[PDB]
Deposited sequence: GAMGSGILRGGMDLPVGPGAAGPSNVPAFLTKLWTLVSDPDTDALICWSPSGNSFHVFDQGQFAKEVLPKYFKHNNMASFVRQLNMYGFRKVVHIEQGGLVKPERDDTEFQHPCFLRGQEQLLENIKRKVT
C-alpha cells in the first residue's frame, strides 16, 4: 500500500497496549483518546515523529481531516475522530486524504 506514514504511525501509536495508558482507542473503536496531553507529547511523540509537541501532532490530525470530539464542561482528556480511522478497519486509512 501507499498510505501516508503519518497514518500508519497514528494507527500504531493508538493500537499499542503499552501506549494505551496515554493514548488508546475508544471502547467502540470510532475514535481515539489522549490522556495527560503533555506527557504523551514528551514521552511518545518523539518515538514516532520528529518532534515532541502536541501542537504539531494535532496540526497533522487536522490536515488529514480528523476533528476533535468536544467534551462539554478536572478531565485532562483530548479525543479525535475520523470516519475512515476505525479499529477494525485498517484498510480504510488508504481512504484518508490530506488536503493540498
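- By the record, the deposited chain contains unmodelled runs at 1-23, 97-103, 131, with no C-alpha atoms placed there.
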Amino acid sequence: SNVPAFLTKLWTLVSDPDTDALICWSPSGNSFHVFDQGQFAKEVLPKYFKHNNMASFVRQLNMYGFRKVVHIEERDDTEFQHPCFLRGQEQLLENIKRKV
From here on, numbers count along this sequence of modelled residues.
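C-alpha atoms forming the largest set that superposes within 1.5 Å between two forms make up the rigid core.
- Rigid core superposition in 6 other deposited structures of this protein puts the Cα atoms of one stretch, out of 46-54 and 24-32, farther from the shown form on average, and that stretch is 46-54.
- In the other compared entries of this protein that model both flanking residues, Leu61 has coordinates in every one, well short of a third left out.
- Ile72, though modelled here, lacks coordinates in at least a third of the other entries of this protein that were compared and that model residues flanking it.
- Here 74-82 and 6-14 are compared by their mean Cα B-factor, and 74-82 comes out higher.
- The question of which stretch, 50-58 or 30-38, has the higher mean Cα B factor is settled in favour of 30-38.
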